[PDB]
Number of protein chains: 6
Amino acid sequence: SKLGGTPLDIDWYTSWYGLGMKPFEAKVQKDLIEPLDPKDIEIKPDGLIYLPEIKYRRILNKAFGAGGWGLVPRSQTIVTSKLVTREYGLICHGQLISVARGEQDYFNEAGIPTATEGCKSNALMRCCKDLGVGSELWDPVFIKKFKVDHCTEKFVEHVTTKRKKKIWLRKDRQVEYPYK
Amino acid sequence: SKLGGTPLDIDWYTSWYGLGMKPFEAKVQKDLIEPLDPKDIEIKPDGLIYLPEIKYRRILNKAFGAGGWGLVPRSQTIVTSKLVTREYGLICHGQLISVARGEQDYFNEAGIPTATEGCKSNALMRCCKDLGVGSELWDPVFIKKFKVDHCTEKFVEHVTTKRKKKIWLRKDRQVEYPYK
Amino acid sequence: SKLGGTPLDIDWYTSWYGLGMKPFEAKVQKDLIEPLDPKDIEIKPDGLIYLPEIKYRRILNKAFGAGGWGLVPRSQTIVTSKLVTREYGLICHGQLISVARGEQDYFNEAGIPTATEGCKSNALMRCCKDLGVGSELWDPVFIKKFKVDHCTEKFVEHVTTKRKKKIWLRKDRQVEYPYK
Amino acid sequence: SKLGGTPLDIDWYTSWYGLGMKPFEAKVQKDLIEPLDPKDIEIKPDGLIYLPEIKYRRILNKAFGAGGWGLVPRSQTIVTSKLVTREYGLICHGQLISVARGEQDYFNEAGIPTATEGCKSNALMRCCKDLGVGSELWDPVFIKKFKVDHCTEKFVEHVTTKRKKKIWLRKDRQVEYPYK
Amino acid sequence: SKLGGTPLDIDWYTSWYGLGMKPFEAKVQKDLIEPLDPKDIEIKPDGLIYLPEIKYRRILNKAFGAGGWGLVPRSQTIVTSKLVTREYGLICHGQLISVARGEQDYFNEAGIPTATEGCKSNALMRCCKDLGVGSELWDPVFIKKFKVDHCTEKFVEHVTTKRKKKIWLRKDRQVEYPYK
Amino acid sequence: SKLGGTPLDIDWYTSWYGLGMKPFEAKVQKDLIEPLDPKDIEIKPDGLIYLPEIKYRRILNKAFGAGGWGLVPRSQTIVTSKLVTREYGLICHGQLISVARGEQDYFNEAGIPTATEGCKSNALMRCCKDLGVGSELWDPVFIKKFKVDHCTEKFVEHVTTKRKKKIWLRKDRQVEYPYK
């Protein structure tokens, strides 16, 4: 309502089966809590570190295997005038793990069908928090220590607005669009 | 009503199964009441100490394991003009533990879908109180002793309002946005 | 009605199962009636002694264990113009112990979702009275003796109203906000 | 009606199971009729002796144990313009003992939720009369003898009305608010 | 109707089970008909002797034991403009003994909830007549003989009306409020 | 709605059977995560690398075999004024893997039936992300490294607009329509 949008064996659309039922066995637990490789962490120009969704998918495929996990829609797609949002549930080994809401910003009317995939990835990322995957990305100590040895805040020039902005970038990457 | 908002095997949405049924066995009990590491406690500029939600998630994954616990929605999301609130229930080993209401302040209409995740974390934090996780954060003696040996109240200058505020910060951290 | 507010295996919302059915076995009984440590008792500036709710939670987790007890809502949340109130029932080992009404004063419209947690704690405190937890806090002899050897009534100055009030404080603590 | 108020395994809300069914065994009987310690009896300034409700709770926990007794609501809370009243039933060992009406005077609209706990205690006190707990408080000989060796009627001065009232106080206690 | 008032295993509210079914065994019979101790009998200023209700409760607890007897409401509370009345039934050992109507005079609108307890005691006293408890209080010979050796009719002075009334008092007691 | 379009053994149209049920056995897992051959990766003139859908089909036929996988429609075809979109579900070995939405841009009214096949391929590509097929195409490090050793950004001339655009092309391919 407050979102100014209109809708775009086990009934997994509504079922809560297995949620918090029994923990996974040892090797899955070790695979899920494996420390993140520092080379896999990206940072946005405003200074926010994150992990690409494809790394989350790779971790899930390493821990549960292909066909051992999936994303199930839990609500209808809501298309706000500037974003597309939907709820998704993570199922691992026939077990409901989490239900999280994802969103993706779209900028063109024709980009709405593309935005619904970003939303899905966002939901997947937010579901993996219940598994402890990539938890260091939310650790303030980890963020603070990562940004002093692996990142740099450079005053670069925007290629379009012709203005200069101090942006954050990794020490291995280079200045990029929409800047120089 | 008084909240000026509009709605946004076991039916865990309404079920009360296992609530206060039987205590967890010994090693889970020891894992839950493990003392908090002082380096993991953060403090806000106004002087309120807390633990990041990711530490609560890590503790829950250490005590019950991945897939051994989960959060289940218990009510509909209510979107007040300045906050998003919802009730969540903590399920550990097929057992309802607590039902707590979380809230998250949002400042933009497009930030509502993001706020619903903060709410979830807030609810999770408030559910862990029934487990005794992080109980020292509510102990007045603990708060009083923590703020004299591990924290500092520095008169810093706000980077935007150009005014000076005595804010609280850890002795290991440094002055930060929205201040100097 | 007289409250000028509007609503905000076992069906524990309405069930009375186990209420006064059979007493707990010996070690739980000893754990519940353990004398309170004098260092854990706080006193308010007006001179009223109390125990923090986190100590009640710790006692319950020590007597029944995590997962061995819980709070179940018994009524709908009523939001009076200045307070939030709700009834809660304490369940210990699958047994209804007490149903008590809690309340929490809120001062901002955005503080209502936060107030619903204070209410819950209040209800928990009032439920523990049926267990005899912290009973010395209601003993007039205990209150009278505690306030002469462990407390002090100091004429301090309010930091905002710039007036002087004789307030009660422990001999170990110090003057605090909203005073000097 | 005449009260000018508006409403605020076994269905114990209405059940009469066990009422006067079989007496408790010997040690419970001895625990219930144990003579009251004279140091535990309080007296009000107008000259009425009583026992604090926490002593009744302690006696019940000593005779039946924690979880061996409880209070069950029997009617709806009626909120008269100056008092809150409700009926409660005492259940001991799965047995209905008594149904008694309690009341508590409130003086502020925000004090109604607090008053509902006083009412509960009052009902508990009045239920214990069927068990013979504290029966000496209703014995005229006991009251007459207690007030001559353990109490004193002193002409003290009210701290607010600045008038002098002959009030009753124990010989061990001292003059107190709302007097000197 | 003629009362100008408005309403305020076994369904004991209406059941007649056990009424006059089988007599109690010998020791209960001896306990019930034990002669009253003369020191326990009180007399009112107008000259009417009686036994305090707490003595009736003590006798019932001595004969049937705690939990071996109880009072069950039999009608709705009727609140006349100057009295509160209700019917109660005495149950002893799962057996209906008597149904008697009690009444209690109240003098303030806030005293109605307190009056409902006096009514209950009155009903209990009137139910014990079927058991023969305290029967000497209705024996005209007993009353006549008790008032000549244990009582005194003294012309005392009312502390409020400042008039003199010949009142009846025990030889052990003293003049009391509302007189000198 | 927000899309301005009109509709154009196991009920696989709606069923969720097998979603995240059990992982595929070892050789299928190895076949799915086989590294992509660099010669099979294409790049668009704007600089976006991708894999042709026929390579995804070949990988699926290599991992599951012909008849071992299929695409099932999940929604109705929606024909926006400039695109055709539809949801498809990937079924592998009688197991639902993913449900993804595909879209295809059409430029003529007679090209709508042709566009519905592009949509299907798009959906298939987006379903294979749950299997980890071609995951390197979403790895920012992989994209960055691929574009410096295998690609070239050449300033070529558009054959129609007669303007010059710096476009991206592989080092093995040549300039092509709609350019020179």
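First the proteins, then the strands, lettered A, B, ... as listed; each starts at 1.
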With a cut-off of 3.5 Å and sequence neighbours excluded, list every side-chain donor-acceptor pair involving residues 42-53 of chain D.
from: D:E42; atom 1: OE1; to: D:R173; atom 2: NH1; distance (Å): 2.7
from: D:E42; atom 1: OE1; to: D:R173; atom 2: NH2; distance (Å): 3.4
from: D:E53; atom 1: OE1; to: D:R57; atom 2: NH1; distance (Å): 2.7

Got a donor-acceptor contact below 3.5 angstrom from the D:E117 side chain to the C:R126 backbone? no
Taking the side chain as everything from C-beta on, heavy atoms only, tell me whether C:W16 gets closer than 4.5 Å to D:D11. yes
Does C:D130 reach the side chain of D:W69, with side-chain heavy atoms less than 4.5 Å apart? yes
Applying a strict 4.5 Å limit to non-hydrogen atoms, the region of C:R101 in contact with chain D is both
Is chain D contacted by the side chain of C:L19, its backbone, both, or neither, given a heavy-atom distance below 4.5 Å? both
Taking side chain as everything from C-beta outward and backbone as N, CA, C, O, which of these in C:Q104 sits under 4.5 Å from a heavy atom of chain D? Side chain, backbone, both or neither. neither
Less than 4.5 Å to any heavy atom of chain C: does that hold for the side chain of D:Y106, its backbone, both, or neither? side chain
Kindly determine whether D:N61 and C:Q29 satisfy side-chain contact (heavy atoms from CB on, under 4.5 Å), including the steps that lead there. CA-CA 9 Å; D:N61 279 301; C:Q29 304 278 324; 5.7 Å; no
C:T80 OG1 to D:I112 CD1 distance, which is reported to the nearest 0.5 Å: 8.0 Å
Mind checking whether C:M21 and D:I91 have side chains closer than 4.5 Å, heavy atoms only? no
Engaged part of C:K82 at the chain D interface, taking heavy atoms whose separation is under 4.5 Å: neither
Measuring from atom OG1 of D:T114 to atom CG of C:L83, what distance do you get when rounded to the nearest 0.5 angstrom? 8.5 Å
Sort C:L3 into side chain, backbone, both or neither according to what part of it lies under 4.5 angstrom from a heavy atom of chain D. both
Using a 3.5 Å distance criterion without hydrogens, assess whether the side chain of C:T85 forms a donor-acceptor pair with backbone atoms of D:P113. no
Please round to the nearest 0.5 Å and tell me the distance separating atom NZ of C:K129 and atom NZ of D:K120. 7.0 Å
Side chains of D:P7 and C:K2, heavy atoms from C-beta outward: is any pair under 4.5 Å? no
